[PDB]
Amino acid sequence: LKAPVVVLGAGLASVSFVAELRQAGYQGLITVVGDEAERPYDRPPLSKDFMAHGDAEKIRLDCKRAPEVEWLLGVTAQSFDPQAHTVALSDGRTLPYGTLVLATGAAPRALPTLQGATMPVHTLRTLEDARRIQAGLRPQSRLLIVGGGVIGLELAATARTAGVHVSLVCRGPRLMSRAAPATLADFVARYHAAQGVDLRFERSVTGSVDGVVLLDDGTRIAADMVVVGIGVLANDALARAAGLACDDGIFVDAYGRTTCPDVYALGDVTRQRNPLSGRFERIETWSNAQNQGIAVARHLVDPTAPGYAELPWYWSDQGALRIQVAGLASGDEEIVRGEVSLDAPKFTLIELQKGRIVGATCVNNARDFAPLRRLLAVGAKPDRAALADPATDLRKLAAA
């Protein structure tokens, strides 16, 4: 940890990182460069309560645990020179650094077949994106979602609640193909279908003409707005140009180190080891952004601290479904705890591999999720009849 510290990006990973630097006792300069001209804010509300209620002053991040930080908002870092240890800014200034931290996140993938569309086509990543989409969620209008991911499904639920007709086109046979158990994905489709979403599986968009989207089965879907949500691409251009190892994401180890000395990376922009799979992956979650930011900062201030070691998890709020998913989507066994039903949905899934818990899901059961995450953390091998047995107190198991 060499002063001064410069962080590129002012999202959750950056804020979490700089707050932890201060909390851990680093007192040198910290400067954060953020391209959005917005008080730093959290993204999960954008497809949830913000999309529904519109108050950005409810979604700001707390920068108070990060005192003495200069935030350069509305400024783009255009390049860095890792030999000279400088960053070039879009406003004409240059920042020196002792330690540079790349926390530039990821951007929605564009859909090539809708390039040159002459109807509204949006993606949902930023506060600006959310305001734009919300401005078009007119009651009785028609929205088409492209993609099977959670964000689009959250938007679908929000739109249905607002009286918007919703169709959805998914290239795969199931929703939430990324990091979600099939049992959950199947149930989620049943839920959305019951709420009036017109779901089209194993279909791809081939183009659009005069307000109508074309599909690869030779059919058409008319819509007033398309929201594309087919995933994101790491914002790793500065790293690539500067000679760091990257491949849709900046490769980092558990200390957040890139292949360039004195340059670290955090959050959505990184490709990193998933300890459960033992494979490198680009993790796309709120918990990773916060936890990785904190762990990297902690180890920078105190090199005796362990590297980042938290296991993955996320949540999604889709209408009546409060979904929580931890670890791996599958193993060699799933245990279903409770009944899977559209009538007052409430259930828990546990994924095991040779008796060891490797993942869990809770739908409308936050109380189960925390002890399951602890059991997951230590690779617990509990009695499987009991795991299924409704009589079982999971918090007790975790404590033991």
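One rule holds for the numbers: they count along the sequence shown, beginning at 1.
Asks: In the PDB record, does 114-122 or 97-105 carry the higher mean Cα temperature factor?
Replies: According to the entry, 114-122 carries the higher average C-alpha B-factor.
Asks: Averaging only over Cα atoms, indicate whether 171-179 or 77-85 has the higher B-factor in the PDB entry.
Replies: Looking at the record's C-alpha B-factors, the answer is 171-179.
Asks: Just grab whichever of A37, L46, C362, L342 has the top CA B-factor as deposited.
Replies: The C-alpha B-factor peaks, among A37, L46, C362, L342, at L342.
Asks: Per the coordinate record, which of the options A24, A391, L12, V18 holds the highest CA temperature factor?
Replies: The C-alpha B-factor peaks, among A24, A391, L12, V18, at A391.
Asks: Within this chain's modelled residues, let me know which third the CA B factor of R142 belongs to: lowest, middle or highest.
Replies: Highest third of the chain for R142's C-alpha B-factor.
Asks: Can you work out whether the C-alpha temperature factor of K58 puts it in the lowest, middle or highest third of the chain?
Replies: It belongs to the middle third of the chain when residues are ordered by C-alpha B-factor.
Asks: Per the entry's values, where does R131 land by CA temperature factor relative to the rest of its chain, in the lowest, middle or highest third?
Replies: It falls in the middle third of the chain.
Asks: Split the chain's modelled residues into thirds by Cα B-factor; is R220 in the lowest, middle or highest one?
Replies: CA B-factor rank for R220: middle third.
Asks: Just say lowest, middle or highest third for the CA B-factor of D42 relative to the other modelled residues in its chain.
Replies: Lowest third.
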